[PDB]
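Asks: pasting the first bit of my complex, frame unchanged:
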Amino acid sequence: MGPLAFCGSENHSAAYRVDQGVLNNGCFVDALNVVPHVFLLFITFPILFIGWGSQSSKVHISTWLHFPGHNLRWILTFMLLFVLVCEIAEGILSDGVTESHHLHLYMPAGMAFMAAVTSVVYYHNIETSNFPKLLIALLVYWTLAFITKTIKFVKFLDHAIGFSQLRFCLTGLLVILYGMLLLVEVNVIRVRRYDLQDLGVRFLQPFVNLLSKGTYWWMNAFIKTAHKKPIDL
Amino acid sequence: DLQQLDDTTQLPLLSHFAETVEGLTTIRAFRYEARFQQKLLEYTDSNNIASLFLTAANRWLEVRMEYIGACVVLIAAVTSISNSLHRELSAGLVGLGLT
């Protein structure tokens, strides 16, 4: 409704001020929060655009090796996407009290939403290529996101607003899951360092992703080809 | 078509059982036992792959139908709260809507 500020346009344009304790500003700490999400979003859309995103325009169309930690990353991802959709909602109900349009409450987890979705599309296209250690962009993302959320958690501790705030319990749950993603990525570093047999099997449901094990996306190509032809033995 | 695949792999297995109960003295007489055991093993592998593909097709249908069944709950809940916040549904009939 105003010019879009990122912060408090009101209070005679306060809270842009850094003056005393320089990392003590909440606008500074969500401005530090939004930088790894745009780093994955701006390193990952080039390599996924150039390596899987219609480089092979219709002519790629088979053996699927899974990296370790495979159920754990996707279940911990759905915990992250769940709690960060709660961050989008708890940001926008805190913004909607006063008509000033504070964009620090919802824009950084909107970038984290796009970063978590493109991180899982990065993991889904970095397995089944089996280039195994082009995951060094992804471990950089869990280090920088875990670092800036621990800075946000101890700066929430220094204002002593704790366990009454849904933003506090929200950010503490994000603090423990970002270190959980970092420890399963260093578990991927742990085995060896920087196969499954597949000879005309065609039933992929033991060895696919956890989401596409759960909602069966491999079978969609069979029901697409059933309209082409009656299927055989 | 997957159902037709399931019945066309169901009948050679049961006729193989009905053959091998009938000519058992001849089949044990030729000493061909491991080979017709292997023919049984091939028939059961074709039966298990066709029943598993009919299973995964039915599980595909049920996750897509219940995902759009969950959209019913989302849309009817948001029109019940968006109409009962402003206009008058008298704040009890929304429990029927949600239930």
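Replies: Done, it's in. Residues are numbered from 1 along each chain as shown, chains lettered A, B, ... in the order given.
Asks: so the most centrally placed residue in chain B is in which element?
Replies: Residue closest to the average C-alpha location in chain B (CA atoms, centre = their mean): residue B:55, at 3.1 Å. Using DSSP states H and E, residue B:55 maps to helix B:33-86.
Asks: For chain B, what lies in contact range of chain A?
Replies: For chain B, the residues in contact with chain A (CB under 8 Å from any CB of the partner chain) are B:1-2, B:5, B:9, B:46, B:49-50, B:52-53, B:56-57, B:59-60, B:63-64, B:67. C-beta here means a position set from N, CA and C on the backbone, and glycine is covered the same way.
Asks: for the helix holding residue B:55, packing partners?
Replies: In terms of contacts (3 or more CB pairs under 8 Å, 6 or more residues apart in numbering or on different chains; DSSP states H and E), helix B:33-86 is packed against helix A:220-225, helix B:2-20, helix B:94-98.
Asks: Nearest to residue A:21 among the ones you listed would be which one?
Replies: The closest of the helices and strands packed on helix B:33-86 to residue A:21 is helix B:94-98. By CB to CB, the value is 47.8 Å.
Asks: circling back: report the buried members of the residues of chain B next to chain A.
Replies: B:2, B:5, B:9, B:46, B:49-50, B:53, B:56-57, B:60 (16 or more other CB atoms under 10 Å in any protein chain shown).
Asks: Name the nearest of the residues you listed relative to chain A.
Replies: residue B:60 (4.4 Å; CB to the nearest CB).
Asks: residues near residue 42, how many?
Replies: Assuming you mean chain A. 10 (other CB atoms under 10 Å in any protein chain shown).
Asks: meant chain B, my bad for not saying
Replies: Neighbour count of residue B:42, defined by other CB under 10 Å: 13.
Asks: any idea how far it is from residue B:86?
Replies: Remark: distance between residue B:42 and residue B:86 (CB to CB, to the nearest Å) = 68 Å.
Asks: build in chain C:
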Amino acid sequence: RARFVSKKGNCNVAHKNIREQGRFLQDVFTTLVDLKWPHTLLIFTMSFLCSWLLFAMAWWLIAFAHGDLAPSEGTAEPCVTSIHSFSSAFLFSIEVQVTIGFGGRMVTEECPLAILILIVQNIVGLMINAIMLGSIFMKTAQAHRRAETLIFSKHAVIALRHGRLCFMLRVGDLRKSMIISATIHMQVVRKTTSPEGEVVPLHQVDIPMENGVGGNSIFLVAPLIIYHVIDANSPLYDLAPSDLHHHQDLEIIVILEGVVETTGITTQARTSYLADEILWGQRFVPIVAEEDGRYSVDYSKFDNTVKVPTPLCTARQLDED
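Replies: Same chains as before, plus chain C:
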């Protein structure tokens, strides 16, 4: 029924089940200039917008970290002058990375972090200027667009010259740019079988072009007739006149390769012929005329052919009278 290469030179191959996607990932440059043109302008614009917006967020971080986006201003001089928005920092990153450099927003010597982020913005921006402008010049500079200005005959023929049967076609050049070291590979491809039982589905075996040396090199200025004389070691030795029809497994492809004299980059012109595109017992017309001291070739007459009397037998059968 299904042709291998098209008549315009495209190849009808599907490439089933390429599992090894990491060898596609290890190379980026030929994959980058491999793309169709609106994907190239999309990766051009979004690579530049990605670098400008990410360095704009870095300048917005610097101007927030000094508190210069606070309008409560005392006397301490900012790290970059006259930034009080994010979009002013986006304008400042557009002034830095394009090196426009207006000067109402400019860097002062207060922040050393602004100097180091200006250094790494100038290095990353010069590097993507080198990669993206050389990539778009190598995109527009290839000579796969040359190859349909080297038009072949729509119908190939087979006729009799010097006693023997010669498989003839004609290829024309449409501009004054000559092609250095124009090489001809004529490949007859069909499903053959070994005598020991090996069936190969598309067996590309070459026939030699009859040149006069034996090495395949032509000088395409005027449109000239490429002819391969069918000999006993050639695989067209048992070709019938009745075999030249549809659904006969017989495909000739003609590969013209050379280097364009204007650009300096090499090219490959390819065409195909189906079995019913071969006219038995016919030959071309003379298309070259002379007037006022100059020669003239007629490209309206280029696919024009004429019936001649030939015997209706194989070249194996023309060793037996």
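Asks: The neighbour count of residue A:42 again please, this time with chain C.
Replies: Neighbours of residue A:42 (other CB under 10 Å): 18.
Asks: do the same with residue C:276
Replies: Residue C:276 is flanked by 14 other residues according to other CB under 10 Å.
Asks: One more: residue C:48?
Replies: Neighbour tally, residue C:48, other CB under 10 Å: 17.
Asks: Quick check: which element contains it?
Replies: Judged by DSSP H and E, residue C:48 forms part of helix C:37-65.
Asks: Residue numbers of chain A in contact with chain C?
Replies: Where proximity means CB under 8 Å from any CB, the interface of chain A facing chain C comprises A:6, A:13-14, A:16-19, A:22, A:27-28, A:31, A:34-35, A:38-39, A:42, A:45-47, A:49-52, A:54-57, A:59-63, A:128-131, A:134.
Asks: Narrow the residues you listed to just the buried residues.
Replies: The neighbour-count criterion (16+ other CB under 10 Å) marks A:6, A:13, A:16-18, A:27-28, A:31, A:34-35, A:38-39, A:42, A:45-47, A:49-52, A:55-56, A:128-131, A:134 among the residues of chain A next to chain C as buried.
Asks: for the nearest residue to residue A:133 once chain neighbours are set aside, what are its contacts?
Replies: In this structure, residue A:133 finds its nearest non-sequential neighbour in residue A:194, 4.1 Å apart by CB to CB, 6 or more residues apart in numbering or on different chains. Residues in contact with residue A:194, defined by CB atoms under 8 Å, 6 or more residues apart in numbering or on different chains, are A:132-133, A:136.
Asks: give me the number of residues near the residue nearest to residue C:159 when sequence neighbours are not counted?
Replies: Nearest residue to residue C:159 in three dimensions, chain neighbours excluded: residue C:283, at 4.0 Å (CB to CB, 6+ apart). Neighbourhood size, residue C:283 [other CB under 10 Å]: 19.
Asks: while you're at it, add chain D from this line:
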Amino acid sequence: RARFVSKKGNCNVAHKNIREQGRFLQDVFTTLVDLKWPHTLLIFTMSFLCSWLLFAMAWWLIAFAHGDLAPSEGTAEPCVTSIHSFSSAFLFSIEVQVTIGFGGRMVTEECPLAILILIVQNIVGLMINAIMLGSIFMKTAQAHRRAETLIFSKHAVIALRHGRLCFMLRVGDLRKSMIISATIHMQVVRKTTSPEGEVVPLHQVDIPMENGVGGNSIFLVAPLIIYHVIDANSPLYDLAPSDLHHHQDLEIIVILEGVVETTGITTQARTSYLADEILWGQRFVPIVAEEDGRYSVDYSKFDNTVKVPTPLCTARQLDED
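Replies: Following on from the chains above, chain D is added here:
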């Protein structure tokens, strides 16, 4: 009477009736560097003036649409500072697209449409900088200007060496830049007729260069004598001494192809010979001399020839004594 290639290497072909103009339209780049030089500077200047004037009209649209060309000014800050004419916006588009960027006219953060038109001006201007500067560098970087620094003999000869008749000519290099993989194609072209009745008007058949391997490769440092020994499978086997005169249909063209070692781009040097440019029974003089530990070739002596006694008969007739 009418020669095929000129003595300077240009070809006298007219190219009648090219109907298919859409295949000229599908390619633009080889058509762009195909042009003669003042058309290239005209398309260079008018492409840049076209982009600057059209984006100048876009900035004039933006400054009219905010009302900043109205001199009745209150306090609301303009989208681009200090534009109050069309020609100030033309100066502003010249500051943007060349990235000069003076700063008396500069963009502020009021108009987002000015930011998006600045983005698409910078993308379109960087793209035409890449295309037009690489196109003018590929225009000036070709080696068709190399080929008249590879001067051939003005008169070719025919003489006797090792018992047989050899068609001789000499080709000189004029600078210290060597030519990697110098290939020779000598083509004798005339109107021949088939025994079955096919008359072909300019039948380019090659004679092989006598090398010593059989593959045509020379090392042109000193000017050396290219010789093709006339054999029975060569088409100059029945050449008379009386046939070497004007209006005899006989044309030899000599194609020197290679790649320049300085530029890295390939070249093609071509010459021709009419039938009265061939001197029967003559040969060249030795032009190579040694002094003070170095060798010396004489380019004043380069077309100098000498009469020798040869028999005045064909090489077919020199198998019959």
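Asks: once more on the neighbour count of residue C:48, with chain D this time?
Replies: Using other CB under 10 Å, residue C:48 is surrounded by 21 other residues.
Asks: Test my guess that it contacts residue C:132.
Replies: Yes. Counting by CB atoms under 8 Å, residue C:48 does reach residue C:132; the two are 7.3 Å apart.
Asks: The helix holding residue B:55 to helix B:2-20, inter-axis angle?
Replies: Orientation note: helix B:33-86 sits at an angle of 150 degrees relative to helix B:2-20 (axes from the mean of the first three to the mean of the last three CA atoms, to 10 degrees).
Asks: Does residue C:268 lie in a helix or a strand, and which?
Replies: Using DSSP H and E, residue C:268 maps to strand C:266-273.
Asks: chain center to that strand, what's the gap?
Replies: How far strand C:266-273 lies from its chain's middle: 10 Å, per CA atoms, centre = their mean, to the nearest Å.
Asks: what's it packed up against?
Replies: strand C:150-152, strand C:251-260.
Asks: Please name whichever of those is nearest to chain D.
Replies: Of all these, it is strand C:251-260 that lies closest to chain D, at 5.6 Å by CB to the nearest CB.
Asks: coming back round to it: so which of the helices and strands packed on strand C:266-273 is nearest chain B?
Replies: Between chain B and the helices and strands packed on strand C:266-273, the shortest gap by CB to the nearest CB is with strand C:251-260, which sits at 36.6 Å.
Asks: That closest one and chain D, are they touching?
Replies: Yes. For strand C:251-260, a contact with chain D is found by CB under 8 Å from any CB, at C:259-260.
Asks: and that strand, how far out from the chain's middle?
Replies: Centre-to-centre, strand C:251-260 and its host chain are 13 Å apart (CA atoms, centre = their mean).
Asks: Measure how that strand sits relative to strand D:266-273, angle-wise.
Replies: 90 degrees.
Asks: just the CA coordinates of strand C:251-260, formatted as PDB?
Replies: Provided in PDB are the C-alpha atoms of strand C:251-260 (Å, rounded to 0.1, in the frame of the first residue of the first chain):
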ATOM      1  CA  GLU C 251      19.100 -45.100 -48.700                       C
ATOM      2  CA  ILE C 252      21.900 -43.000 -50.200                       C
ATOM      3  CA  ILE C 253      23.100 -40.000 -48.200                       C
ATOM      4  CA  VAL C 254      25.500 -37.400 -49.700                       C
ATOM      5  CA  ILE C 255      27.700 -35.500 -47.400                       C
ATOM      6  CA  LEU C 256      29.200 -32.200 -48.600                       C
ATOM      7  CA  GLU C 257      31.800 -30.900 -46.100                       C
ATOM      8  CA  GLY C 258      34.100 -27.900 -46.400                       C
ATOM      9  CA  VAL C 259      34.900 -24.500 -44.900                       C
ATOM     10  CA  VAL C 260      33.300 -21.200 -45.700                       C
END
